[PDB]
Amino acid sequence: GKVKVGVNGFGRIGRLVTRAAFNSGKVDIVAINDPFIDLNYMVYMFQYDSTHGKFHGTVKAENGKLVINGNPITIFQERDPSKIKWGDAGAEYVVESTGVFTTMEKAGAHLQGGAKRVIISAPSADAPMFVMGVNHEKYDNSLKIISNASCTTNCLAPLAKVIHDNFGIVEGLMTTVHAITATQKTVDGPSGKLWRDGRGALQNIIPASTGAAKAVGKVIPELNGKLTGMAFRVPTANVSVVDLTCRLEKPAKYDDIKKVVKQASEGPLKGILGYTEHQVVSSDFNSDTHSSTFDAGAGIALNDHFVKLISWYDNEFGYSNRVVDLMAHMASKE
């Protein structure tokens, strides 16, 4: 149901979760905290988007509040999350989207300000992790601090679930060809901890490490220790693709894989896992809200036990909608 939500951070994830909330109408955004972006600039950042276009609606600054579609939103400018007066603003759930308070200890600071539950929109080292359609039924009311995993884990886990349930994944190695992100540089610049990530994003294919495939073993415990992978950052603004190479236990002809994935996309994973037989390219998934879309034509099987499965994901819009979906699911269990 329509729970009141607070968003910590108005960066790429925070703005798109706010966007998804107003577009879907599943939740009500009532407060936003950002100590670095003032109200007039938030109006501009929310109104215009290079990737997803101008917001379909109205965005104004009125009496110190951000008014989206006539709905006023309280704006906070606190650096310390324990100082945010979430309860005063009426925010029941808080989306922790800054990327710097991902442990339960750090994310728990929001409970001090009056928030009832915290949803970390990033992987967490210790919080319970969820992927809608995969393990969201393991959520219960005793859980006050949870994580929605990453955009990549949300793409891989629904597909891994269907393949493992039907044929059994003996082992798998994944590659994600990922669009550019805010942490990258326009030209060769400093990135002290991750040297390759400092190289010009526009000119390069950049290998990167990702714990997304390993994280699938947390949301699907039977796949713990059976998956790992890496990423390549390429010069596209949005939409990424997962390439899963795996060994199956039971033999599976490629048409049998297509059949079970199509069945899952039409039934229990409708809206989360998509299925296509069309000649799609990455831009066909811009602003697509699925977590994962299986590309039947792009995948290839060496034999009945060794296949490469391809799945597209709008790394911005799929994930943002899953955060709203997770919160709406949580509200139904209150």
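In case it trips you up, residue 1 is the first one in the sequence shown, and so on. For the two forms, the rigid core is made up of the largest set of C-alpha atoms that agree within 1.5 Å on superposition.
Peer 1: After fitting on the rigid core, which stretch moves more in 6 other deposited structures of this protein, 188-196 or 224-232, going by C-alpha RMS?
Peer 2: Farther on average in 6 other deposited structures of this protein: 188-196.
Peer 1: If you average the Cα B factors in the entry, which is higher, 307-315 or 20-28?
Peer 2: Mean CA B-factor is higher for 20-28.
Peer 1: Looking at the deposited entry, does 82-90 or 200-208 carry the larger mean Cα B-factor?
Peer 2: 82-90 has the higher mean C-alpha B-factor.
Peer 1: From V59, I272, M45, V280, which pick has the Cα B-factor that tops the rest in the entry?
Peer 2: Within the set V59, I272, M45, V280, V59 shows the top C-alpha B-factor.
Peer 1: Taking the values straight from the PDB record, which of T176, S121, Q112, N238 has the highest C-alpha temperature factor?
Peer 2: Each of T176, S121, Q112, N238 was compared by C-alpha B-factor; the highest is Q112.
Peer 1: Sort the modelled residues of this chain by their C-alpha B factor and say whether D188 lands in the lowest, middle or highest third.
Peer 2: Highest third.
Peer 1: Ranked by Cα temperature factor within the chain, is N69 in the lowest third, the middle third or the highest third?
Peer 2: For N69, whose C-alpha B-factor we compare with every modelled residue in the chain, the answer is the highest third.
Peer 1: For the chain shown, is the CA B-factor of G99 in the lowest, middle or highest third of its modelled residues?
Peer 2: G99: CA B-factor falls in the highest third of its chain.
Peer 1: What third of the chain, by the recorded C-alpha B-factor, contains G172?
Peer 2: As the PDB entry reports it, the C-alpha B-factor of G172 lands in the middle third of its chain.
Peer 1: Using the B-factor values recorded in the entry, state whether the Cα atom of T276 falls in the lowest, middle or highest third among the modelled residues of its chain.
Peer 2: Bottom third by C-alpha B-factor.
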